[PDB]
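Only one chain is shown below, in structure tokens, and it's the form deposited in one PDB entry.
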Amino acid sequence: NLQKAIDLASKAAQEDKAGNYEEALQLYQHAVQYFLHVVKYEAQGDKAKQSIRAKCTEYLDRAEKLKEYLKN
């Protein structure tokens, strides 16, 4: 589940930066879904969880704004 979060997160960050926002948006949410799934179920460690928390918020903030205008 962790590898899926990073894999999708990398493609999402590249999609938005490249030009694709629609595909990147759906990818951003996916990365956060898998990331939180691990932290909630069984993360790697204390410091590890803190790393995902900052990342989960980073992508969420980007995707949040993206969908904002996309939906408007």
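For every residue, the number given is its place in the sequence shown, counted from 1.
Note that the form deposited with a partner chain bound isn't included here; everything after this is about it.
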Checklist entry - So in the bound PDB entry, does any heavy atom of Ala13 sit within 4.5 Å of the partner chain? => result no
Checklist entry - Would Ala63 sit within 4.5 Å of the partner chain in the bound PDB entry, counting heavy atoms only? => result yes
Checklist entry - Does the partner chain get within 4.5 angstroms of any non-hydrogen atom of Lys47 in the bound PDB entry? => result no
Item to check | Any non-hydrogen atom of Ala43 within 4.5 angstroms of the partner chain in the bound PDB entry | outcome: no
